[PDB]
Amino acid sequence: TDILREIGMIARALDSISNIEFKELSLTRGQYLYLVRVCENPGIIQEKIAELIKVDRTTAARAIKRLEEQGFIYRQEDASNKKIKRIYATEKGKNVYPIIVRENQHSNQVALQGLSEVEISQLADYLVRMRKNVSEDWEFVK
């Protein structure tokens, strides 16, 4: 099979599922990805967020603004440097985060059905290496 094509189909199917199940939480269209990174990294900046999620800064910028408008996060300029805008989860964001975490844990269980622990262990090694290979190529292309 086409390895990258399979990876893309897995990613898009998961995204399509989330657009349905997170509809009532207003975290569709990948919004939950951003909230998860903000909750795991209080005080993080837009630039770093895009780096982690692997998207362009304009894309990340729009996602963050939307999350703010929906009340999941808030931003605060640094007193020292006005240029640094730190992102934090609001009470609402910290409230829904756990559901997203558990839903993600469930998605993994669904995706990994049929695979044993040692098989999942090898898979993990291959994927991390691929992610590193592709992330580096992205930097190079950027």
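All residue numbers refer to positions in the sequence shown, first residue = 1.
- In this entry, 115 to 123 shows the higher mean Cα temperature factor of the pair 128 to 136 and 115 to 123.
- 33 to 41 and 72 to 80 differ in mean CA B-factor, and the higher of the two is recorded for 72 to 80.
- In the deposited entry, the Cα temperature factor of residue 99 sits in the top third of values across the chain's modelled residues.
- Among the modelled residues of its chain, residue 24 has a C-alpha B-factor that falls in the highest third according to the deposited record.
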